[PDB]
Amino acid sequence: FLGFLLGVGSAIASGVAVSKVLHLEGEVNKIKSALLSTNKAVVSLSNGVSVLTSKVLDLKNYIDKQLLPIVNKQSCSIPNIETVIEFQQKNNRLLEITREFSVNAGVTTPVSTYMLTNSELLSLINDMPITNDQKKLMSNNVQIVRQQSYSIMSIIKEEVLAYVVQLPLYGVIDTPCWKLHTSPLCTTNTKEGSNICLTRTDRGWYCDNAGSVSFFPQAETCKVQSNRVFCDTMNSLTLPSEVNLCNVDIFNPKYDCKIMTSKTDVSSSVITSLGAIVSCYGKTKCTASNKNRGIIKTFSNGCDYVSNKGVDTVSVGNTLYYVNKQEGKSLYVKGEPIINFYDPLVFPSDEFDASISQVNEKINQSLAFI
Amino acid sequence: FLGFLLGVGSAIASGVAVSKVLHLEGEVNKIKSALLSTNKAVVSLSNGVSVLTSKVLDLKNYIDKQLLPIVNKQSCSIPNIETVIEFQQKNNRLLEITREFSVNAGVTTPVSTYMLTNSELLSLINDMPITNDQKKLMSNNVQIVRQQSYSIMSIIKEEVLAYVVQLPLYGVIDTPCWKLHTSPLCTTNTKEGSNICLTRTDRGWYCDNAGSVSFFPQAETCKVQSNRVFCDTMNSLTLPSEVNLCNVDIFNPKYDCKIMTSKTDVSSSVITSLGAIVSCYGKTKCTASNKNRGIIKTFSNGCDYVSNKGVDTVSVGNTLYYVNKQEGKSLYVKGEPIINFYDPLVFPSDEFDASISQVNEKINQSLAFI
Amino acid sequence: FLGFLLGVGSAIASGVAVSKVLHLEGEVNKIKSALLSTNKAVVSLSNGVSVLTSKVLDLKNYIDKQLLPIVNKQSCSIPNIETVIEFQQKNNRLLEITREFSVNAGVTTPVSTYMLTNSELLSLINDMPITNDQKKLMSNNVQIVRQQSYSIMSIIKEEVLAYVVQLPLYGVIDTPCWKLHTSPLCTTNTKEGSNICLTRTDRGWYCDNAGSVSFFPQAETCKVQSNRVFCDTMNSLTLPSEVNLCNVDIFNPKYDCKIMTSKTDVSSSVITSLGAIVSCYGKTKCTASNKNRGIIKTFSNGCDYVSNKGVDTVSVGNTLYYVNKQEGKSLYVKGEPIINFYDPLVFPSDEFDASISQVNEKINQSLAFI
Amino acid sequence: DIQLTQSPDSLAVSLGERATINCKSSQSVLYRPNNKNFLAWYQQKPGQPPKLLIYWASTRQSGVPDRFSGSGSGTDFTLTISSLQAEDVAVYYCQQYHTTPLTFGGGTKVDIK
Amino acid sequence: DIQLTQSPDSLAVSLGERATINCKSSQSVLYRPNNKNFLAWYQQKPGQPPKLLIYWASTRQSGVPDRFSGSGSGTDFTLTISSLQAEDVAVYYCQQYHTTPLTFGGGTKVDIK
Amino acid sequence: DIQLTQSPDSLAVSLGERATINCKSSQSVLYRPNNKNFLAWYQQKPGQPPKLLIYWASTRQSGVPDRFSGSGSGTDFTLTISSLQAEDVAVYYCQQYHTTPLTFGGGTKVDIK
Amino acid sequence: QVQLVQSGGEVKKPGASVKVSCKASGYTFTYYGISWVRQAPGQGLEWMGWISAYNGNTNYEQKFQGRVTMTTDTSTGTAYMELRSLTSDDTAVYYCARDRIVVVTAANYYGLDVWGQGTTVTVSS
Amino acid sequence: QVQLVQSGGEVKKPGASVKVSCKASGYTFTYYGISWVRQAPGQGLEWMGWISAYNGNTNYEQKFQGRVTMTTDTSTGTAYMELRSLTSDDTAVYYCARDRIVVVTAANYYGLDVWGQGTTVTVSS
Amino acid sequence: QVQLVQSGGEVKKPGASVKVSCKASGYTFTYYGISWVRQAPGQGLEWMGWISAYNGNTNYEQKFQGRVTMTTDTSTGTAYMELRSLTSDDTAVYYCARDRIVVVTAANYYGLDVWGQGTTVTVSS
Amino acid sequence: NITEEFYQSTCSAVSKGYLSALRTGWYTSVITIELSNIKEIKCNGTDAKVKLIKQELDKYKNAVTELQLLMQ
Amino acid sequence: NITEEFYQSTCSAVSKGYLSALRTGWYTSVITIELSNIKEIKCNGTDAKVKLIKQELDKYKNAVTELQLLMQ
Amino acid sequence: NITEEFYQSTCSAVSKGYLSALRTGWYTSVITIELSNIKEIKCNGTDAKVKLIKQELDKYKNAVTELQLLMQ
């Protein structure tokens with residue numbers, strides 16, 4: 001819900017910048033001279049930035065030394081069919097690259113195997129000026145590096161086709177990270193329109209970083225492989241560590257926990273990592289079922305939670321959810337719902353970007369009169 | 001507008017689960033033994049779940065029996081060029097599969113023809129344990145089944161590359177469904193800042209299901225082919241049937257219809273199935289035009305509707321919309337706009353998650369004073 | 001933020017319409033007769049609409065005249081391997097087309113090079129009934145035309161496979177256009193919960209059009225190539241020219257500028273075209289750094305701006321942004337922030353769809369009492 | 001209750017001349033939440049039901065001729081006819097709907113000299 | 001302060017018969033922001049702390065037998081036992097929490113004839 | 001109107017000593033919507049316009065030396081100089097802006113003994 | 001077209017009861033109330049009562065309390081006025097008028113903007 | 001299970017001071033206040049004071065002002081009530097009761113819904 | 001730099017009229033009002049009037065009603081002070097002062113925080 | 001060319017100097033492919049080239065059938 | 001078949017006449033490919049066809065290795 | 001490893017035990033392909049292999065031209 005709080009960046013802003021340097025006179029000639037005898041080199045551009053340059057394909061050599069010499073000029077007839085096949089192979093990759101660029105207007109993400117093969121990407125990772133821990137982390141999870149990379153078309157001139165590959169840099173690794181799932185808490189009264197609710201809006205990923213917490217509201221952007229979470233710091237907010245206190249005490253005096261308020265009580269399920277939260281309201285029938293014993297639990301009105309140890313599916317109304325069967329340990333902390341604390345008569349509804357202190361101020365401003 | 005009310009699920013949660021079972025010792029050997037002499041079989045895994053297993057490609061046979069025997073070991077020279085071509089064909093599909101997985105980090109959607117060809121998908125549909133009506137429905141609209149399916153990379157070991165295909169199951173078919181389009185209803189006074197508006201926020205798809213209504217707020221997710229609507233129940237809410245009453249009486253006492261309120265009056269068009277709703281407010285000029293006779297209607301300030309019988313395009317300001325030319329019958333129900341009922345002085349604006357009863361309570365709470 | 005104000009259209013509504021005409025009896029025969037001796041023609045359908053028709057591939061000729069005659073019927077053996085290769089080439093494109101359609105359920109966007117090659121697209125652009133300026137504009141930026149086009153599968157019958165290509169029409173070109181970036185302005189008081197803030201919600205693209213302004217709130221949809229901005233008028237609002245006054249005087253009496261209010265003050269950066277806006281609040285440390293001299297500026301609490309002349313990166317908290325290095329001239333207009341004008345005690349917070357006049361009315365309605 | 005009194009009981013005005021009717025209430029008819037004077041002026045002809053001419057303080061019902069106008073506030077209200085015509089010969093009533101019961105006026109008859 | 005008085009000081013009721021205790025306050029205990037009468041009825045047994053029976057105007061604490069009921073408003077409140085039983089022999093107190101100090105009632109003892 | 005009176009009319013304070021000026025208004029200058037006392041203290045030197053020293057109840061304008069301070073509320077307000085210096089020899093006025101007209105004080109002149 | 005149509009005139013004897021119907025057309029019947037106004041020959045309008053067509057709430061004149069009954073039929077969209085113990089003072093013309101909007105609180109209410117054609121009731125021997 | 005447990009009874013001499021403990025279980029201790037009620041033998045309940053467990057705010061009875069001190073230990077979730085200058089009138093049973101919710105403004109006030117078992121203090125020679 | 005610059009001093013005869021200019025710099029002129037204050041030799045400040053630079057609203061002193069006219073020129077951002085029927089009492093120093101913001105309701109006032117350098121007007125023969 | 005102006009009062013930047021290309025309408029065209037109705041050749045043999053041709057023809061027929069299913 | 005009703009009071013349209021296909025559950029299946037464990041042939045020669053076969057086999061091995069990295 | 005804690009008071013779950021990989025920066029590299037400037041061979045003949053080579057060379061030239069249009 002807090003994705004509107006994020007700032008606006010430019011992902012390719014760096015890469016395009018290098019692309020621009022590539023249009024300056026002499027730069028293509030410099031890169032060409034550097035790769036004259038080698039397929040990998042380090043080149044310092046006019047602005048002084050040092051970049052790794054690689055020659056992945058050499059069509060010039062094949063075309064000018066293995067195709068033209070073997071064809072006659074009087075009644076041309078190629079001696080061998082295999083040559084044709086070889087040409088079709090060698091050109092194929094180039095064609096594919098062009099196709100992708102034409103589809104993506106010169107900026108393609110994720111980077112495909114035509115732009116940068118697995119071996120070339122691994123070699124680039126090995127040659128990057130980073131620590132060995134980062135090299136090991138990204139040498140693995142190569143698919144995530146591909147999904148977080150960009151490919152920018154830069155220039156085609158002086159018989160050289162150059163494009164720019166923009167790879168991620170993970171400066172923060174192995175720090176503790178956790179995920180917060182929130183569902184709605186409504187007072188399960190009988191009358192349809194007499195119910196007031198609250199939901200916490202701070203759902204998403206949190207990660208320790210340099211003494212603060214990086215908060216990613218769109219948990220869909222973050223990619224989870226095993227217990228590793230790859231997240232883009234661009235779509236994040238820097239918060240004090242005290243935000244974690246909101247998990248153990250929503251009314252703690254150190255941090256003001258963000259919440260929303262409403263009068264609509266609909267039943268829904270949030271499938272968490274090790275279980276499922278079920279908010280059952282109204283006449284909706286909510287159950288938890290196992291593939292062997294069938295229905296094993298029936299939820300009453302309110303908010304409940306079931307782990308995935310014995311539960312395989314959860315049915316809320318006409319919806320059926322499959323729970324994640326990832327191994328782990330779940331704990332249930334019993335407590336009085338905080339929704340019951342509020343007086344429905346003076347409860348402020350239809351508040352989206354609010355918090356517990358802001359809701360208290362709103363209630364106290366309704367008791368300004370009277 | 002109500003897409004924030006939906007719960008959070010995990011689409012591949014089931015499929016990955018089966019993938020996990022595939023890592024247990026003996027399971028790959030079981031599937032291999034089951035497909036020893038057949039390309040299609042039914043296998044019961046350790047947890048007892050029964051799954052259809054298919055062998056789509058057999059590279060082992062070709063590589064070990066049709067390539068190695070025909071090549072010499074002393075000065076190897078293949079007798080025939082055609083063999084090479086055959087190899088290129090047979091390997092091609094595998095390469096494509098790998099490429100897709102590398103692009104999608106092991107989870108690809110929609111399922112392409114490389115992962116599962118049309119014939120293989122039809123055979124799987126025929127062998128699925130479902131009713132004949134579902135088999136006929138999904139045997140048709142194969143492209144929708146592809147668009148609603150997942151392909152999860154699972155394991156590659158013991159000379160067996162196994163992945164998981166997760167196909168949809170349509171348990172609710174042929175029940176009545178309808179779509180609700182809403183546009184903004186604003187007062188049409190002369191002064192710029194004196195006008196008050198209201199839109200109904202319950203736009204989207206509604207479908208009868210087990211005595212209730214499944215409501216899909218993001219109508220873009222639902223896929224319409226002819227008069228058939230394919231919708232995912234994950235992105236839905238279970239509502240009582242009385243919600244339909246809101247179409248015939250917005251002030252009915254059975255159901256509380258959801259609306260929003262604003263003081264912003266902008267002109268816009270909503271292109272419906274059999275026509276177009278036009279909200280012309282301001283000095284904006286709104287017209288409806290036919291490809292033969294040119295402009296055939298000019299809209300006055302307010303909300304109006306034009307069918308597609310003679311109207312081909314509708315122009316609102318600088319925007320031009322093409323209407324859907326699907327054959328059907330349109331009806332116009334004349335009535336006094338409800339916006340005119342509300343007093344602008346006490347009208348509560350800037351309410352998003354509200355309803356008729358909530359707006360009435362807000363007005364009555366402004367008449368708490370005075 | 002204003003993307004909810006937009007109307008709902010149907011992008012392929014026109015194209016599908018033509019597709020429908022293609023199912024009527026005689027239309028396929030008409031198109032076939034028109035392209036009997038030519039690969040390009042103009043055909044008038046039953047409804048009288050004139051459409052360009054092209055024959056991109058002719059598999060019938062090759063299959064029936066170059067494959068069947070050269071194969072024997074008694075102990076068939078093809079004399080030459082090359083024929084097979086030729087067939088593989090000629091069929092390949094067709095297969096690719098089918099694959100794309102199967103992936104996209106008959107409607108594919110953007111249009112790939114298999115559906116319409118570069119030469120065919122350029123020929124269609126040349127043959128379109130538009131002005132020479134539009135032909136030059138779209139003949140260039142072919143990738144944008146591809147990204148803004150649709151390909152609709154229509155019919156396959158009478159040995160003719162026909163689909164519909166729906167190309168953009170740019171009726172408004174070379175008019176002035178500009179972009180508005182907004183960040184949040186909050187009071188930088190010491191106490192955590194004593195800070196009121198306000199942001200402008202009218203961010204996005206504005207373009208002069210027929211005496212009014214087309215406003216595109218989702219600036220991500222618009223595609224910028226050099227100083228040219230390609231925007232879809234469907235996702236736009238028509239506004240008076242006086243909206244530009246909001247840039248020079250937020251309290252001007254001609255137009256009511258849209259803003260939103262909040263009590264949450266978080267630090268972020270908005271990367272603009274020629275610089276970066278930095279909102280630094282709380283204990284967050286914000287800096288601007290150059291690749292050569294390192295950190296060159298440290299931001300204090302409040303909203304500031306740095307151009308890209310010497311600044312290469314900007315760090316806000318744990319986030320690092322790269323600025324766009326596009327050449328241009330930046331100007332800084334010093335002025336007292338308007339957030340300092342408002343009294344925090346009577347400041348209306350949690351307003352999203354508001355404006356200057358609406359906020360003034362809300363404050364004046366809090367001074368109805370007292 | 002709020003009793004309404006009209007003046008004069010009978011009115012005689014020549015053609016094309018102004019016609020003034022005064023309506024006074026024992027209590028204020030102002031509706032405080034919206035700051036509106038809940039008073040209405042109707043006209044009645046023989047064999048016909050009353051027709052709404054003026055509602056609120058001074059607002060003309062759609063389709064009412066522009067010659068009819070309302071004015072006044074607080075305790076005294078006035079109905080004015082800019083130019084009396086032949087078709088305007090009718091009995092005019094003032095009513096209040098600020099609070100029940102809805103008390104109509106005594107009624108003023110307009111005749112042509 | 002708000003002093004509370006109970007009547008009668010001692011009560012003797014036979015088994016299965018209605019019992020009534022009246023509590024009167026020197027000042028109104030109505031909580032205006034939520035329109036609730038902040039009065040509570042407790043029962044106490046020898047060697048045991050008081051237990052909450054009634055809170056607000058007339059609301060029963062969860063687990064309290066349905067025979068106990070509350071009524072009244074403004075200045076007079078009433079605790080009613082539909083059918084006195086053996087286990088209901090206890091001292092009953094009324095106390096107000098509308099404003100500090102929390103003044104408990106004098107206390108009424110219920111005995112079986 | 002709200003008339004303002006200052007005391008004393010003339011003040012003589014030695015260097016580095018406190019300087020007290022009292023300003024009294026015939027009516028309260030508290031601004032109820034924001035709970036602020038709309039009173040301001042200015043200083044004026046020969047050949048120079050008045051400069052704003054204190055605004056609201058007790059708030060110092062940016063750039064004003066920390067020795068100047070304001071206090072009081074309701075009807076009496078006080079301007080205090082912690083340590084009078086040579087540059088502080090000026091005429092001090094207490095003005096109000098709660099309601100028009102803006103009535104300035106009589107004016108107090110500060111001199112060094 | 002927004003209109004109200006009333007039943008024909010009736011002749012009754014003293015001590016009897018009279019039922020007057022008023023059908024609404026051209027607008028949503030349940031969104032507004034209905035007021036009943038009586039006019040004696042050569043006399044001004046007299047208000048009798050008001051019935052809400054949304055929930056059936058009724059508000060009668062003090063003089064007519066316990067003597068007049070108003071009912072609403074939402075199926076046919078018809079209001080019914082019923083009067084008992086008729087006397088020689090009850091012969092008059094009865095009108096049904098559309099009243100304030102009851103589905104919106106503090107709605108705009110321009111008075112009795114729509115009136116019925118009128119039903120004449122004569123009480124004589 | 002929501003409950004309060006108090007320390008055992010004490011015997012004190014006149015002029016001494018007594019400390020009574022009350023530990024809370026089954027609920028969040030810092031979300032509610034704690035009231036202390038004294039009951040003399042053969043007499044009604046007497047309210048002594050109320051301490052907020054959220055921020056330590058205290059409100060004492062006028063008769064006990066300056067004589068009684070209440071403290072809150074959030075680590076152990078225990079309320080302590082101390083009394084000085086004991087006399088022959090102090091001998092009584094002291095109860096700790098859960099009081100209004102202090103983390104939410106104008107929260108639902110159901111009174112003293114949870115009570116402690118009681119600590120007897122006897123002041124004699 | 002936020003500042004106000006006034007025109008030079010003037011010498012006038014009784015019965016004439018005087019125009020005083022005040023140009024604003026360093027801030028948005030139309031967001032605030034302008035007050036005019038008169039100071040006689042050896043006398044305290046006297047308030048004359050206030051003109052809003054946003055919409056031209058004027059509020060004059062009761063003593064100066066009908067005698068003084070204030071105008072605002074938003075193009076040059078200059079406020080004015082015109083006085084008629086000058087007498088031997090008019091001779092004084094006139095200051096222009098920035099007043100509270102005229103674009104936000106119930107905005108922060110801060111009093112007259114910015115003052116002009118002052119224009120001396122002498123009325124003598 | 002491209003210029004930018006930052007306003008501190010409203011904390012907003014405006015970038016000017018761009019030229020418009022607004023998509024106002026749609027142009028529809030029909031692209032056709034001439035297909036063949038011939039089925040697989042009835043001939044049988046041990047030649048590898050004819051088998052490759054048969055495989056390619058099977059791919060072509062499968063593509064046509066898939067297109068027909070899409071249309072229907 | 002398909003009908004539409006526009007309501008002017010609420011400025012809303014309802015289109016009816018559609019038939020449901022609601023995805024209520026998932027069906028999981030396993031698709032397997034029989035791979036070969038053989039490495040590149042040790043033979044060396046100047047023939048172009050064997051070099052093409054070696055290149056194709058290298059592509060196949062690289063695909064297998066990439067799949068193995070994906071799984072791990 | 002991975003643990004989860006559900007809180008009934010706030011109806012919220014927290015899953016802990018994960019390890020971070022935050023993308024903090026970008027690394028830019030240049031990938032180059034050596035192209036040929038040679039046009040189509042002027043030779044003409046009836047051979048099918050040279051025609052296939054000409055078709056492949058036309059595809060290569062078209063790809064180069066498309067890339068040039070992209071860059072421009």
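Here is the naming used below: chain letters follow the sequence lines, and residue numbers restart at 1 for every chain. Note: hydrogens, waters and symmetry copies are ignored here, and every other heavy atom, side chains too, is used.
- Between B/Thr113 and B/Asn118, every side-chain heavy-atom pair lies at or beyond the 4.5 Å cut-off.
- Judged purely by atom type and a 3.5 angstrom limit, B/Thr109 uses its side chain to pair as donor or acceptor with the backbone of B/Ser149.
- Counting heavy atoms from C-beta on, the side chains of A/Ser307 and A/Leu274 never come closer than 4.5 Å.
- For B/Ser44, the side-chain contact (heavy atoms from CB on, under 4.5 Å) test picks out no residue, with sequence neighbours left out.
- Between A/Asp202 and A/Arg200 a salt bridge is recorded (basic side-chain N to carboxylate O distance below 4.0 Å).
- For the atom pair SG (A/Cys286) and CZ (A/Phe299), the distance works out to 7.5 Å, reported to the nearest 0.5 Å.
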Original post:
Given the rule in the side chain to side chain contact (heavy atoms under 4.5 Å, CB included) test, do A/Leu331 and L/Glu4 qualify, once you have shown the distances and angles that lead to the verdict?
Top reply: CA-CA 6 Å; A/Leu331 188 67; L/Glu4 181 146 312; over 6 Å; no
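- By the side-chain hydrogen bond (donor to acceptor under 3.5 Å, both in side chains) test, A/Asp232 is found to be paired with L/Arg23, residues two or more places apart in sequence or in another chain being considered.
- More than 12 non-hydrogen atoms from other residues, nucleotides or ligands lie less than 6.0 angstrom from NZ of B/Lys55.
- Using bins of under 30°, 30° to 60° and over 60° for the plane-to-plane angle, the ring pair B/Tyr163/B/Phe101 lands in the perpendicular bin.
- For A/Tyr332 and L/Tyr7, the gap between ring centers reaches or exceeds 6.0 Å.
- Among residues at least two apart or in separate chains, there is no salt bridge (charged side-chain N to carboxylate O under 4.0 Å, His left out) pair with a member in residues 132-158 of chain B.
- Under the 3.5 Å distance criterion, the side-chain polar atoms of A/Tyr321 are left unmatched by any main-chain donor or acceptor of B/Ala11.
- Ring-plane geometry between A/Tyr206 and A/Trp178 is classed as parallel, the angle between the planes falling under 30 degrees on a 0 to 90 degree scale with a further cut at 60.
- In this structure, A/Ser183 contributes its side chain and A/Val270 its backbone to no donor-acceptor pair below 3.5 Å.
- Distance alone, capped at 3.5 Å, places no donor-acceptor pair between the B/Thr53 side chain and the B/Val43 backbone.
- Put simply, CG on B/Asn141 and CD on B/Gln225 are 6.0 Å apart, with the number rounded to the nearest 0.5 Å.
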**OP:** Just do the salt bridge (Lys or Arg N to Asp or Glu O under 4.0 Å) check on A/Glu327 and A/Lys309 with the steps written out, would you?
**Re:** CA-CA 8 Å; A/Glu327 271 293 326; A/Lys309 288 295 186 184; 3.3 Å; yes
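- Atom CD of B/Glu86 is surrounded by more than 12 heavy atoms from other residues, nucleotides or ligands within 6.0 Å.
- In this structure, the side chain of B/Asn104 engages the main chain of B/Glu100 through a donor-acceptor pair within 3.5 Å.
- The two atoms that bring A/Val323 and A/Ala276 nearest to each other are CG1-CB, 4.0 Å, heavy atoms only.
- Disulfide check for A/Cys280/A/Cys303 fails, with the SG atoms at least 2.5 Å apart.
- For the pair B/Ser212 (side chain) and B/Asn209 (backbone), a donor-acceptor distance under 3.5 Å is absent.
- Between J/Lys59 and B/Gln89 the shortest heavy-atom distance is NZ-OE1, 3.7 Å.
- Between B/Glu27 and B/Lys20 there is no salt bridge, since no side-chain N of the basic residue sits under 4.0 Å from a carboxylate O of the acidic one.
- Residues forming a ring-ring contact (aromatic ring centres under 6.0 Å, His included) with A/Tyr281 (at least two apart in sequence, or on another chain): none.
- Shown here for A/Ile271 and B/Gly9, the closest heavy-atom pair between the two residues is CG1-CA, 3.8 Å.
- Remark: A/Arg203 engages A/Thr182 in a side-chain hydrogen bond (donor to acceptor under 3.5 Å, both in side chains) (not counting sequence neighbours).
- Annotation: the span from K/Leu67 atom CG to B/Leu94 atom CG amounts to 6.5 Å, rounded to 0.5 Å.
- Under the rule for a ring-ring contact (aromatic ring centres under 6.0 Å, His included), B/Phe216 has no partner lying at least two apart in sequence or in another chain.
- The two residues A/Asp208 and A/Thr175 come nearest to each other via the heavy atoms O-OG1, 2.8 Å.
- Rounding to the nearest 0.5 Å places CG of A/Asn292 at 8.0 Å from CG of B/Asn47.
- Between the A/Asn324 side chain and the A/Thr272 main chain, a donor and an acceptor come within less than 3.5 Å of each other.
- A heavy-atom distance below 4.5 Å is not found between the side chains of B/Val229 and B/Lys223.
- Between B/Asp174 and B/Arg228 there is a salt bridge, since a side-chain N of the basic residue sits under 4.0 Å from a carboxylate O of the acidic one.
- For the side-chain contact (heavy atoms from CB on, under 4.5 Å) with B/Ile156, the qualifying choice from K/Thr65, K/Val64, K/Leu69 is K/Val64, the only one to do so.
- The shortest non-hydrogen separation linking B/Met138 to B/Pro168 is CE-O, 4.0 Å.
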**OP:** Apply side chain to side chain contact (heavy atoms under 4.5 Å, CB included) to B/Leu57 and K/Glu34, showing your working.
**Re:** CA-CA 7 Å; B/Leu57 190 64; K/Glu34 289 303 315; over 6 Å; no
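- In the displayed structure, A/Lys285 atom NZ is contacted under 6.0 Å by at most 12 heavy atoms of other residues, nucleotides or ligands.
- At least one donor-acceptor pair under 3.5 Å links the side chain of K/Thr24 to the backbone N or O of B/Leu169.
- Once rounded to the nearest 0.5 Å, the distance linking CG of B/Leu161 with CD1 of B/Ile155 reads 10.0 Å.
- Taking all atoms of both residues into account, the shortest heavy-atom contact from B/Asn39 to B/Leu35 is C-CD2, 3.6 Å.
- For the pair B/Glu120 and B/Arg93, the salt-bridge criterion is met [side-chain N within less than 4.0 Å of a carboxylate O].
- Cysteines A/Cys231 and A/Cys222 have SG atoms closer than 2.5 angstrom.
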Original post:
Under the side chain to side chain contact (heavy atoms under 4.5 Å, CB included) criterion, do B/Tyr170 and B/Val145 qualify, and how do the steps go?
Top reply: CA-CA 10 Å; B/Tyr170 308 107; B/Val145 172; 4.0 Å; yes
